[PDB]
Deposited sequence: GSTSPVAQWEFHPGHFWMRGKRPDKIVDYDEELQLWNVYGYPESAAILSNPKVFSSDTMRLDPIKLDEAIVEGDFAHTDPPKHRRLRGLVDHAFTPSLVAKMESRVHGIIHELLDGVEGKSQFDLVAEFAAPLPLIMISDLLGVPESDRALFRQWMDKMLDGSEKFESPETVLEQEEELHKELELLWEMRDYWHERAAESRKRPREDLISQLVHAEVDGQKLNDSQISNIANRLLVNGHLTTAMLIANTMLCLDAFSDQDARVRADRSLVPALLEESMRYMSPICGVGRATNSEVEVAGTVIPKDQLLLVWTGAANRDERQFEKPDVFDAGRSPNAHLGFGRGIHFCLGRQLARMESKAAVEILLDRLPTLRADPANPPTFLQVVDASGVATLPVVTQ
């Protein structure tokens, strides 16, 4: 029934926010919790900028953030995202679709003799890492390297002298990743393959193109945005199914519900539950006037429990309609990979139900939750096969 969430994620413990907007004196930032406010904010990029680092001293060199459109505003955002969407071709997308079943089955074969395991480590996490890697065109040998990379990034996210300390740590890993992708981009310029790096290298739009530094930073962004949130979606869903057994029977009796189940999992336990914005001018949100050049955190996780928007918000309802949650954001930064996340997670859940029909969450070994402030979800999920 009840679990051990990040201490900041009060909405997961059923608490309504005391105020729609408030200010954190210690961290010197603003929080927004309401759904219609969060939605208006995300829809208003010209006052609520995604260029958060302009507030944060010290700044990464331009070559390091070059092309990362998740932190860019229009008009440059429109151009960068345009080139990357062009490179996400219908061919590449269908290729991932045609592969997803075989990869799921291969993973599940690797635990066919185990009675107890961690669903995250054995399945929910490797599946989207393998899919995003395959998309980008990475050899099989290198996906261990990606695992190590993400592990490093999570350890830091969980954890002027110390201002420079953290700087070195972050840069040394981005250097390594950038150098990896530059080599891929260079190879694919000479001999293009059937993958996203090759499409990013040849993408041309009116009639702009990307250089290898931009391409490398884009690949890094897709990598970090891709797999861990998808892993949490899959694992959070199986956890919810385990805890709400009526919904479990409901879904097993009606496999048509799985797409709506995943959307309800998105809403109820949001893998990304907060996104950062910076204000360009003075604004009034709800009642509160927020000053210029302020960091604002938009808590999509909390907004997804807002009763002004959702009837019975703290009920998990596997067939919930309507369900316009903010799990993938809203507006111009609307999650670029959401169809891929939905495709992967649907296939994972469908096959889990069929192949491990007596699967249950390990009662002797409770789930651990990711202790990262802006992600709500399972870090480990011990399960038993019988």
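J.: So which bits of the deposited sequence did not make it into the model?
T.: Residues lacking C-alpha coordinates: 1 to 6, 166 to 171.
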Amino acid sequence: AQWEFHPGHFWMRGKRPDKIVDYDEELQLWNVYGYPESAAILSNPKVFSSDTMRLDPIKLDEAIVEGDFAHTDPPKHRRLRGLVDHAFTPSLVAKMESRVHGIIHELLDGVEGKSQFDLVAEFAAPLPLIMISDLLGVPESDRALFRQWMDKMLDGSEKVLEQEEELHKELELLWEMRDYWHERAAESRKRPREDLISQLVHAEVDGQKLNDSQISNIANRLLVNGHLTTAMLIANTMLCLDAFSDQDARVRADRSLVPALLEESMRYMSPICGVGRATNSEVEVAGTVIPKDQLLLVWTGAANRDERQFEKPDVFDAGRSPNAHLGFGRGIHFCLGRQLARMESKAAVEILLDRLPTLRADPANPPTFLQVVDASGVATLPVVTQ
From here on, numbers count along this sequence of modelled residues.
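J.: Averaging the C-alpha B factors as listed in the entry, name the stretch that ends up higher: 334 to 342 or 57 to 65.
T.: In the deposited entry, the stretch with the higher C-alpha B-factor mean is 57 to 65.
J.: Going by the B-factors listed in the PDB entry, is the mean over the C-alpha atoms higher for 250 to 258 or for 224 to 232?
T.: Taking the mean B-factor of the alpha carbons in each, 250 to 258 is higher.
J.: For the C-alpha B-factor as written in the entry, point me to the maximum among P271, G113, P128, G274.
T.: Out of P271, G113, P128, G274, the record gives the largest C-alpha B-factor to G113.
J.: So among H182, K292, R267, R78, who wins on Cα B-factor in the entry?
T.: Within the set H182, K292, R267, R78, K292 shows the top C-alpha B-factor.
J.: If you rank the chain by CA B-factor, which third does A324 end up in: lowest, middle or highest?
T.: According to the entry, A324 has a C-alpha B-factor in the chain's middle third.
J.: Where does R143 sit by CA temperature factor within its chain: lowest, middle or highest third?
T.: Tercile = highest for this residue's CA B-factor.
J.: Mind checking which third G137 falls in for C-alpha B-factor across the chain?
T.: Lowest third, going by the recorded CA B-factors of the chain.
J.: Quick one: classify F316 as lowest, middle or highest third of the chain based on its Cα B-factor.
T.: As the PDB entry reports it, the C-alpha B-factor of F316 lands in the middle third of its chain.
J.: By the recorded C-alpha temperature factor, relative to the other modelled residues in its chain, which third is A70 in?
T.: Ranked within chain, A70 CA B lands in the lowest tercile.
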